[PDB]
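Participant: Before I ask anything, let me first share the structure, which is written out below as structure tokens.
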Amino acid sequence: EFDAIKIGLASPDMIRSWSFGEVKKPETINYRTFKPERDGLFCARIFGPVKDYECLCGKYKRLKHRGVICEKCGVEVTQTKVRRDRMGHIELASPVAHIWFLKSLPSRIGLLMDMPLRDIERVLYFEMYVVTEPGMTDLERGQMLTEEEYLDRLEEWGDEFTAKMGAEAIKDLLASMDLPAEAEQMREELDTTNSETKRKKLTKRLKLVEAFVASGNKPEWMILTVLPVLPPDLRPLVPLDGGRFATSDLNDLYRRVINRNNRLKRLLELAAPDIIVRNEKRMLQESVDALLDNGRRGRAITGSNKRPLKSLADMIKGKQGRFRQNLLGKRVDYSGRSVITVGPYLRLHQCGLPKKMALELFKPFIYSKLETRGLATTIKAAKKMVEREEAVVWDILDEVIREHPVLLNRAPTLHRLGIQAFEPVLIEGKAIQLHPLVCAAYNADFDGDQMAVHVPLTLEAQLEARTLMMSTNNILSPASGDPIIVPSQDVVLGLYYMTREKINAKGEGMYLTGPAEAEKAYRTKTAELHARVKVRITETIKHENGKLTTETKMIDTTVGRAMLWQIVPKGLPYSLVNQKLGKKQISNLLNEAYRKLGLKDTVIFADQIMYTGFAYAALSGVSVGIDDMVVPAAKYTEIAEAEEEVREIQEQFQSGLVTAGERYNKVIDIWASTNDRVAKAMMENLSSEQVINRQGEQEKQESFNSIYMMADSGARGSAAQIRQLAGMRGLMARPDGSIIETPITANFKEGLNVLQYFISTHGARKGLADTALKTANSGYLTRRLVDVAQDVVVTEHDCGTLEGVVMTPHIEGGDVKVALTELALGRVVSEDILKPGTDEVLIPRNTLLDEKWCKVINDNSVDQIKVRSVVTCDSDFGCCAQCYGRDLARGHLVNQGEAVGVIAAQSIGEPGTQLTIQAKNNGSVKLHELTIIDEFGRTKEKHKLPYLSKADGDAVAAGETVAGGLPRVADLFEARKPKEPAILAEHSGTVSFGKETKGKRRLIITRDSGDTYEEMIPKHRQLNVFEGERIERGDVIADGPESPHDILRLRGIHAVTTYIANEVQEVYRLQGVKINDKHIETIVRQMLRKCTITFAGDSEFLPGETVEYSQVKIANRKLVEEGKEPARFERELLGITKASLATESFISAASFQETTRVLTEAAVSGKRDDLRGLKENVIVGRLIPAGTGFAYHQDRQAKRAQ
Amino acid sequence: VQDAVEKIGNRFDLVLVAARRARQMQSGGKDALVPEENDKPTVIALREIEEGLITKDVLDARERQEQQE
Amino acid sequence: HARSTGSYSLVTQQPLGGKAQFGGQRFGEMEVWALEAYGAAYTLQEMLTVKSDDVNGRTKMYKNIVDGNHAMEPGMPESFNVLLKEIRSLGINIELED
Amino acid sequence: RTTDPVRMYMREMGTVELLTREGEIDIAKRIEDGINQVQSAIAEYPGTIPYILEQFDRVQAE
Ligand SMILES: [Mg+2]
Ligand SMILES: [Zn+2]
Ligand SMILES: [Zn+2]
């Protein structure tokens, strides 16, 4: 229907064209008949009838008189919904300035008329005159005259000039402006001005003037002479129970405006002193600004409830505004909500749904099927049949939901796994039954959690749920590619208990034909689950090339391991099961099954694994008791020793040998050491036992303690938890950060007294409050990240570029932080991977690195490679499939139309809550910084070189001595300037000292061309470089944190990308969170989209203009095709917020934040939104240009091009 | 849906073609090329795509033949 | 709580909120983000238009379900028209082009 | 210096001194003098007196 949206100033003619009449009275309704009053705020003659196809008289009342005007009323006989569309207008007695174009800094009126804002307010507030027409007089336009001064120059000239007051004077000044002549004057001054600040002033004013000239808008339209009036149904006055009425504040504001306007007309008719007219005009201006934006101009008007009235701007802006409460988020039909229980009998694609809830949700479908099969003649018969709850109604409901997927959601929805499609199974009850294996995806536990359910209606939605949203499809984490349906808690405990090993168990040493005989022996009580036996195992290997090789052989194992092998699918080695199985082992099993067998086998294997784990956890009988918290006997003696030597050191302190701070520090150190030793002793005591084998010798065996098993299996609990249960709680902190000298020496088994519990609460309250605030901080960060990268959609397949990023293993000392396989898995190479020391091509170009090629790279010991990356992609809009690589949640190459930006933002934002020289290797030494490389050629040590046993190329042996988390992420993504940034080298030249000016110091640099540049360095700066030294561009002058803008400006795009990626991955890796770096690269690409045009060329671009990058790239391509002067640019780095507010579409920017500023800018400029991104299409109800709708939008630009 | 997306190549195109086939079988008078086995039209269309009977080119050819007649 | 079709708001023409009002669950911003990440464009369009504030669309959708057609003719959400009216009321001309 | 219109209004009205009884009589005399001059100016019109005369003719007839 429509293809674009414009915005711009509204002329009085346009407002009159919108209006269906003029509101002349503040009347709303009659107090007796409750009917609309004529020429009022709710007039039926202006806005339409109150009843459908009726008029206020009652003479024309049926549909026969549609479209006729009641000659004695004027009410058009039509539908009442026209009262939601028909607008009115008020003819203001005096012009009123628009509040948005006056007080939203920068003031458009202010810099169009090149005079300060306070001057304009003084004129508007009726305090100072302005000369509009100077005539044959020395006065100049815009010069202010006081009242007495005004009479002086009136009596000394007369009618030769004109001086006025108020918004009328501003309108006269703005209407007489000759915009082209002003523009020419600004350009001429711009060329001939030598001050850059003045240049910024003039370029702003010239941009605004040229925007006015090109958009066709006129400046005088910023002053309102006709005020539009909203339709009554959007500002309702409706009755409540008991005769009370509910109204909107817009009614009060409009009534105030109308009353003051009518009083102004009355005062202009009955000739009044100028003071009264001036006061009335002030009131009119104040009322209009309050209606448009309450509280901006001054004190906000309050209603009868003593709270500020909320205006149109408040109704379009804010968290509770129309954009965010009703457009980007809505309440929907065919939805339900219930508490969630656990269904251990369900499959991965099934969810338990209550019968009553499904009956309510699927009511129209039941009606349709009852009508189709003939059990109901009409729809009311079906309604009563459903309400009476017959049996055939239940059969119809069974057949309706037979293959109708349903969407389950849990709030908050941090990532896309928070909503999934399941097949419903009707259960008698009131709670939704959820499969355990999906709980980790929902972050759901059964302590009172509630989930929402939604019913897709059309066939497209059902197939999207079945293909994309089905729980069986989403079993890989899109953030890292690891499985998300890994078992936890009782499944892990059962698989651990079944796979443990015991000495001298019943049936030890027996020979078994296979897993079936092991199960038979277990069921007959011949052998225990932990008996060490020999089993004949037939094992099939599927190789990388697909070869299927089966080998049968005798393996030493346990009974439980064979019974678990009974369910393992063919194609996996037995070594994956011939061990005790913790959480990591089961995760490895699932990963291997996915990598070598596929998806269906993985789902079946996971279901069988969780069945078996639950069954044998139930059969184990694992229980927690007070005797399982064994407290080592060494704890009491060690506490006694620590206390005695505390007494000794306190006595020594009384002798004055050491100070108080030293005593505090060493007491803390001894208490930390005592805690560590007590924890170690408790772990050693708890982790082992002594048994008797078949020979009678005492043997050392792993303990079967319940808490030890829980902690070691990874089901729940860690070493620290056991330490507080059975050892020492340790040192706790005073709530300002300081650590109390005395620690807690009692665990939870023995119990604490009053002060120990008080110190515990000190930290408990802080932890709770920190979680509460950090959740909101992470939510705001993820909102910003979603909005900055919402436009990124895979639009092509190959972008035809040669650029790429060079990747190496990360080294932060003498050990690796991440292997090259982890970083290179799922990417596409840019240039051919040549084998080191050889010219052969091991890996060709444009090939995806899967596990096989990763193992190849690991075998051939490649240190550095280079692959395609999103930021280096040169697609005009979005990115291409090759530059993005593998889709982590799917395992293959990313499909066209994938919203990679939203996935990236969710992946980064989801773990926000979890947030807060001796050589060691044998090899050679290389200098660049110091590098130590093994004989294979992999650089495995990177060390700093402050300004050495071995020189360059000298071999070094082992042991030779050559010699705050989430705020940090937010600051990195906002590109915040450090408080004390490191000063960098602007250009490669020789350093020299300069004149030490008072206050702060100056330095000079001499370039290769002999030009000298002066740098302004503060006094309190540690200066590193020395005079006469040629420092390269980007060298550190003063140490400190590096600003991202500086490294982008001086070093390059790859440098800033690497910096941001490394910092973000460091903060996410300290907490042990796995996030792929392509998401960060997408965010960085969205951070690099603008450019300051330096060399203007001739493509219409002012110097110093912040244009957007791909427009320049396209324009440069056309210019090259024309062989005519191209343009040169410098790329800027903008934070996610600033980049979001700087996007081309004004709808998305308005919906994000700062709606008033964005709307004012767009309206003055006359912007045009073409609806290319996700958010605008979401707001206007159209299909998003991503995923299933992508092709549809493509067809649109197939039509617009033709 | 692994077989269907393997035969078609793209999940989104698979969804669109299956939706077209399901609407043909439901709104129109077209009959299934495979035994229904008491299945909804979406599942029948997915099974048809899995068996390789139905693709975008086949649907376009059938639509062209219907338009000709 | 479960709702197929019930009461609607006076101004936004959207389903009410709460069990007491027999309202509907809220599909917030993050749910839309998840649907966009999946790529389910048609499901998102269903939630935005024919389930919340497209009056003619939702009526015809109910009729189609009763007639066993399971297809939708999406229209313009009423909230967008309300927003256009508000922006027009602020003396700002916002319009649609063909 | 201020944004509340009330304070500006009081500033503007506070610049004129308060009147006394004699000032009130003087202003009332000026108003009456102006009204008398207007009445005298209108009375010098051939069409004014006939209107008053015919109005009195209709009034006296009850
Ligand atoms: Mg919970
Ligand atoms: Zn009438
Ligand atoms: Zn590319």
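Ordering of the structure tokens sets the chain letters (A, B, ...), residue numbers begin anew at 1 in every chain, and ligands are numbered from 1 in the order given.
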Find the residues of chain A that sit at most 8 Å from ligand 2; for each, write down the nearest two atoms and how far apart they are in Å, to one decimal. Count only C-alpha atoms and all ligand atoms. Sort by chain, then by number going up, and give it as CSV.

Facilitator:
```
residue,atom,partner,partner_atom_place_in_ligand_line,distance
A:54,CA,ligand 2,1 (Zn),7.9
A:55,CA,ligand 2,1 (Zn),4.6
A:56,CA,ligand 2,1 (Zn),4.8
A:57,CA,ligand 2,1 (Zn),3.6
A:58,CA,ligand 2,1 (Zn),5.8
A:59,CA,ligand 2,1 (Zn),5.9
A:60,CA,ligand 2,1 (Zn),6.7
A:69,CA,ligand 2,1 (Zn),8.0
A:70,CA,ligand 2,1 (Zn),4.7
A:71,CA,ligand 2,1 (Zn),7.0
A:72,CA,ligand 2,1 (Zn),5.6
A:73,CA,ligand 2,1 (Zn),4.1
A:74,CA,ligand 2,1 (Zn),6.5
A:75,CA,ligand 2,1 (Zn),6.1
```

Participant: For residue 702 in chain A, work out the shell of residues within 12 Å, counting only C-alpha atoms and skipping chain neighbours fewer than 5 positions away, then give it as a short mmCIF file (atom, residue, chain, number, x, y, z; two decimals) with N, CA, C and O atoms, in the first residue's frame.

Facilitator:
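Writing the result to result_39.cif gives the following:
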```cif
data_model
loop_
_atom_site.label_atom_id
_atom_site.label_comp_id
_atom_site.auth_asym_id
_atom_site.auth_seq_id
_atom_site.Cartn_x
_atom_site.Cartn_y
_atom_site.Cartn_z
N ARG A 500 30.62 -45.68 38.09
CA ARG A 500 31.72 -45.69 39.04
C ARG A 500 32.29 -47.10 39.18
O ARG A 500 31.71 -48.09 38.72
N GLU A 501 33.45 -47.18 39.83
CA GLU A 501 34.23 -48.41 39.92
C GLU A 501 34.47 -48.73 41.39
O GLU A 501 34.89 -47.85 42.15
N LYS A 502 34.21 -49.97 41.77
CA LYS A 502 34.35 -50.40 43.16
C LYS A 502 35.23 -51.64 43.23
O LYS A 502 35.22 -52.49 42.34
N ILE A 503 36.00 -51.73 44.31
CA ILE A 503 36.94 -52.83 44.52
C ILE A 503 36.24 -53.92 45.31
O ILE A 503 35.57 -53.65 46.32
N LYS A 580 34.22 -43.08 34.46
CA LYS A 580 33.19 -42.43 35.26
C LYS A 580 32.72 -41.17 34.54
O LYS A 580 33.52 -40.42 33.97
N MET A 683 39.20 -32.04 52.08
CA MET A 683 39.05 -32.69 50.79
C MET A 683 39.75 -34.05 50.76
O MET A 683 39.19 -35.02 50.24
N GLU A 684 40.96 -34.13 51.31
CA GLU A 684 41.67 -35.40 51.34
C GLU A 684 40.92 -36.43 52.18
O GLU A 684 40.83 -37.60 51.80
N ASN A 685 40.38 -36.01 53.33
CA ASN A 685 39.64 -36.94 54.17
C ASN A 685 38.36 -37.41 53.48
O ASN A 685 38.01 -38.60 53.54
N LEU A 686 37.67 -36.50 52.79
CA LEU A 686 36.37 -36.80 52.20
C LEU A 686 36.46 -37.58 50.89
O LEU A 686 35.48 -38.23 50.51
N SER A 687 37.60 -37.54 50.21
CA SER A 687 37.68 -38.02 48.83
C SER A 687 38.14 -39.46 48.70
O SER A 687 38.30 -39.94 47.57
N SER A 688 38.37 -40.18 49.80
CA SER A 688 38.93 -41.52 49.68
C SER A 688 38.55 -42.37 50.88
O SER A 688 38.13 -41.86 51.92
N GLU A 689 38.72 -43.68 50.72
CA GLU A 689 38.46 -44.64 51.77
C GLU A 689 39.36 -45.86 51.56
O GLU A 689 40.05 -45.98 50.54
N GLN A 690 39.35 -46.75 52.55
CA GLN A 690 40.13 -47.98 52.52
C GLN A 690 39.18 -49.17 52.45
O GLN A 690 38.22 -49.24 53.23
N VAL A 691 39.45 -50.10 51.54
CA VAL A 691 38.61 -51.27 51.33
C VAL A 691 39.48 -52.52 51.38
O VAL A 691 40.71 -52.45 51.45
N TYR A 708 30.41 -35.76 48.34
CA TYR A 708 31.55 -35.89 47.45
C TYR A 708 31.11 -36.31 46.05
O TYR A 708 31.63 -35.79 45.06
N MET A 709 30.17 -37.25 45.96
CA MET A 709 29.67 -37.67 44.65
C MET A 709 28.96 -36.52 43.95
O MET A 709 29.13 -36.32 42.74
N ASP A 712 31.77 -34.07 42.78
CA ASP A 712 32.67 -34.59 41.76
C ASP A 712 31.95 -34.86 40.44
O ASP A 712 32.54 -34.69 39.37
#
```

Participant: Residues within 12 Å of ligand 1 (only C-alpha atoms and all ligand atoms), as a list in words?

Facilitator: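 Counting only what the definition allows, namely only C-alpha atoms and all ligand atoms, the set is residues 339, 340, 341, 410, 411, 439, 440, 442, 443, 444, 445, 446, 447, 448, 449, 450 and 451 of chain A.
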
Participant: Any chance you could export the current selection's N, CA, C and O atoms as an mmCIF file, in the first residue's frame?

Facilitator:
```cif
data_model
loop_
_atom_site.group_PDB
_atom_site.id
_atom_site.type_symbol
_atom_site.label_atom_id
_atom_site.label_comp_id
_atom_site.auth_asym_id
_atom_site.auth_seq_id
_atom_site.Cartn_x
_atom_site.Cartn_y
_atom_site.Cartn_z
ATOM 1 N N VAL A 339 1.721 -22.114 35.833
ATOM 2 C CA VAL A 339 2.895 -22.628 36.523
ATOM 3 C C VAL A 339 3.402 -23.871 35.803
ATOM 4 O O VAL A 339 2.628 -24.639 35.217
ATOM 5 N N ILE A 340 4.717 -24.075 35.841
ATOM 6 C CA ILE A 340 5.368 -25.157 35.112
ATOM 7 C C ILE A 340 5.860 -26.207 36.098
ATOM 8 O O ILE A 340 6.514 -25.879 37.095
ATOM 9 N N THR A 341 5.533 -27.464 35.821
ATOM 10 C CA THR A 341 6.074 -28.621 36.517
ATOM 11 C C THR A 341 7.026 -29.362 35.583
ATOM 12 O O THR A 341 7.302 -28.924 34.464
ATOM 13 N N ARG A 410 9.280 -18.090 28.533
ATOM 14 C CA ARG A 410 9.515 -17.733 29.926
ATOM 15 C C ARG A 410 10.219 -16.387 29.982
ATOM 16 O O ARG A 410 11.217 -16.175 29.287
ATOM 17 N N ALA A 411 9.699 -15.483 30.808
ATOM 18 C CA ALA A 411 10.301 -14.168 30.983
ATOM 19 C C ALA A 411 11.349 -14.209 32.093
ATOM 20 O O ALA A 411 11.134 -14.854 33.122
ATOM 21 N N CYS A 439 15.193 -27.007 30.234
ATOM 22 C CA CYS A 439 15.163 -26.048 31.335
ATOM 23 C C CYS A 439 16.370 -25.120 31.295
ATOM 24 O O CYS A 439 16.236 -23.908 31.503
ATOM 25 N N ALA A 440 17.556 -25.669 31.017
ATOM 26 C CA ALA A 440 18.752 -24.838 30.927
ATOM 27 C C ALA A 440 18.621 -23.784 29.837
ATOM 28 O O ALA A 440 19.191 -22.693 29.959
ATOM 29 N N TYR A 442 15.763 -22.321 29.100
ATOM 30 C CA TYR A 442 14.816 -21.357 29.640
ATOM 31 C C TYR A 442 15.296 -20.701 30.926
ATOM 32 O O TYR A 442 14.661 -19.744 31.382
ATOM 33 N N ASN A 443 16.395 -21.183 31.509
ATOM 34 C CA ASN A 443 16.816 -20.779 32.852
ATOM 35 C C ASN A 443 15.670 -20.959 33.844
ATOM 36 O O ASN A 443 15.420 -20.115 34.706
ATOM 37 N N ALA A 444 14.965 -22.078 33.713
ATOM 38 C CA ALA A 444 13.742 -22.339 34.456
ATOM 39 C C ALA A 444 13.979 -23.430 35.489
ATOM 40 O O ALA A 444 14.542 -24.482 35.169
ATOM 41 N N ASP A 445 13.548 -23.174 36.719
ATOM 42 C CA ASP A 445 13.525 -24.175 37.770
ATOM 43 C C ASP A 445 12.160 -24.144 38.444
ATOM 44 O O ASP A 445 11.465 -23.126 38.439
ATOM 45 N N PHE A 446 11.778 -25.279 39.017
ATOM 46 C CA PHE A 446 10.401 -25.493 39.456
ATOM 47 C C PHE A 446 10.252 -25.128 40.932
ATOM 48 O O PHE A 446 10.042 -25.971 41.805
ATOM 49 N N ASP A 447 10.363 -23.826 41.196
ATOM 50 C CA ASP A 447 10.102 -23.271 42.518
ATOM 51 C C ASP A 447 8.910 -22.323 42.528
ATOM 52 O O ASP A 447 8.675 -21.650 43.538
ATOM 53 N N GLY A 448 8.155 -22.251 41.435
ATOM 54 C CA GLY A 448 7.040 -21.332 41.340
ATOM 55 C C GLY A 448 7.051 -20.545 40.047
ATOM 56 O O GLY A 448 6.293 -19.585 39.887
ATOM 57 N N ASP A 449 7.914 -20.948 39.118
ATOM 58 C CA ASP A 449 8.030 -20.256 37.844
ATOM 59 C C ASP A 449 6.762 -20.424 37.015
ATOM 60 O O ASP A 449 6.047 -21.423 37.123
ATOM 61 N N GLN A 450 6.490 -19.428 36.179
ATOM 62 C CA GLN A 450 5.338 -19.434 35.295
ATOM 63 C C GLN A 450 5.796 -19.244 33.857
ATOM 64 O O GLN A 450 6.787 -18.557 33.588
ATOM 65 N N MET A 451 5.066 -19.859 32.933
ATOM 66 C CA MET A 451 5.371 -19.771 31.515
ATOM 67 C C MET A 451 4.124 -19.389 30.737
ATOM 68 O O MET A 451 2.997 -19.726 31.119
#
```

Participant: Pull out every residue of chain A that has at least one atom within 9 Å of chain D, counting only C-alpha atoms, and report them as a count of residues only.

Facilitator: 10

Participant: Residues within 8 Å of residue 43 in chain C, please, as a list in words. Count only C-alpha atoms; anything in the same chain fewer than 4 positions from it doesn't count.

Facilitator: residues 456, 460, 461 and 464 of chain A; 35 and 47 of chain C

Participant: Save the residues we just selected, C-alpha atoms, as an mmCIF file, in the first residue's frame?

Facilitator:
```
data_model
loop_
_atom_site.group_PDB
_atom_site.id
_atom_site.type_symbol
_atom_site.label_atom_id
_atom_site.label_comp_id
_atom_site.auth_asym_id
_atom_site.auth_seq_id
_atom_site.Cartn_x
_atom_site.Cartn_y
_atom_site.Cartn_z
ATOM 1 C CA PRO A 456 0.230 -19.934 15.892
ATOM 2 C CA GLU A 460 3.135 -20.187 7.624
ATOM 3 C CA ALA A 461 3.372 -19.658 11.390
ATOM 4 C CA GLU A 464 7.904 -21.732 11.083
ATOM 5 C CA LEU C 35 11.339 -14.131 16.797
ATOM 6 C CA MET C 47 1.271 -11.439 16.834
#
```

Participant: Tell me, counting only C-alpha atoms, for each residue of chain C within 12 Å of chain B, which pair of atoms is nearest and how far apart they are in Å to one decimal, in rows ordered by chain and increasing number, as CSV.

Facilitator:
```
residue,atom,partner,partner_atom,distance
C:38,CA,B:12,CA,10.2
C:39,CA,B:12,CA,7.9
C:40,CA,B:12,CA,8.7
C:41,CA,B:12,CA,9.9
C:42,CA,B:16,CA,10.2
C:64,CA,B:27,CA,10.6
C:65,CA,B:27,CA,11.7
C:67,CA,B:27,CA,10.1
C:68,CA,B:27,CA,8.2
C:69,CA,B:27,CA,5.9
C:70,CA,B:23,CA,8.4
C:71,CA,B:23,CA,8.4
C:72,CA,B:23,CA,11.9
```

Participant: Using only C-alpha atoms, pick whichever of B:56, B:21, B:40, B:47 has the shortest atom-to-atom distance to chain A.

Facilitator: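 So, comparing all the options, the nearest one is B:40.
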
Participant: Restricting the calculation to only C-alpha atoms, which member of A:746, A:313, A:1004, A:290 is positioned closest to chain C?

Facilitator: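 Answer, going by the shortest atom-to-atom distance: A:313.
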
Participant: Just want the 7 Å neighbourhood of range 1091-1095 of chain A, counted on only C-alpha atoms, with same-chain residues fewer than 4 positions away dropped. Output as a list in words.

Facilitator: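 After dropping sequence-adjacent residues, the list is residues 1103, 1104, 1105, 1106, 1107, 1108, 1109, 1127, 1128, 1129, 1130, 1131 and 1132 of chain A.
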
Participant: Counting only C-alpha atoms, a student should be able to say which residues of chain C come within 7 Å of chain A; what is the right answer, written as JSON, numbers by chain?

Facilitator: {"C": [1, 2, 3, 4, 5, 11, 14, 15, 24, 25, 26, 27, 28, 29, 30, 31, 33, 34, 35, 36, 37, 38, 39, 40, 41, 42, 43, 45, 47, 48, 49, 51, 52, 65, 66, 67, 68, 70, 71, 72, 76, 77, 79, 80, 83, 85, 86, 89, 90, 91, 92, 93, 94, 95, 96, 97, 98]}

Participant: List every residue of range 6-54 of chain B that DSSP, applied to the backbone of this structure, assigns to helix (DSSP H, G or I), and report them as an MDAnalysis selection string.

Facilitator: chainID B and resid 6:8 11:26 41:51

Participant: May I have the residues within 9 Å of ligand 3, computed using only C-alpha atoms and all ligand atoms, as a list in words?

Facilitator: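 Those residues are residues 796, 797, 798, 799, 800, 801, 803, 868, 869, 870, 871, 872, 873, 874, 875, 879, 880, 881, 882, 883 and 884 of chain A.
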
Participant: Emit the selected residues as a compact mmCIF listing (two decimals), in the first residue's frame, including C-alpha atoms.

Facilitator:
```txt
# COMPACT_ATOMS: atom_id res chain seq x y z
CA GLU A 796 24.32 -11.74 -0.36
CA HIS A 797 26.41 -14.89 -0.74
CA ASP A 798 29.83 -13.59 -1.85
CA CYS A 799 30.79 -9.92 -1.62
CA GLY A 800 33.78 -10.31 -3.96
CA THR A 801 36.38 -8.92 -1.56
CA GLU A 803 40.35 -8.36 2.62
CA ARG A 868 37.22 -13.46 6.08
CA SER A 869 35.50 -11.34 8.73
CA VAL A 870 32.30 -9.33 8.90
CA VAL A 871 33.94 -5.94 9.49
CA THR A 872 36.07 -6.23 6.34
CA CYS A 873 33.03 -7.13 4.21
CA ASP A 874 32.21 -4.56 1.53
CA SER A 875 28.50 -5.26 1.01
CA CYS A 879 26.94 -8.72 5.21
CA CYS A 880 27.43 -11.83 3.06
CA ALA A 881 27.41 -15.51 3.96
CA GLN A 882 31.12 -16.14 3.39
CA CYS A 883 32.32 -13.23 5.54
CA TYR A 884 30.13 -14.46 8.41
```
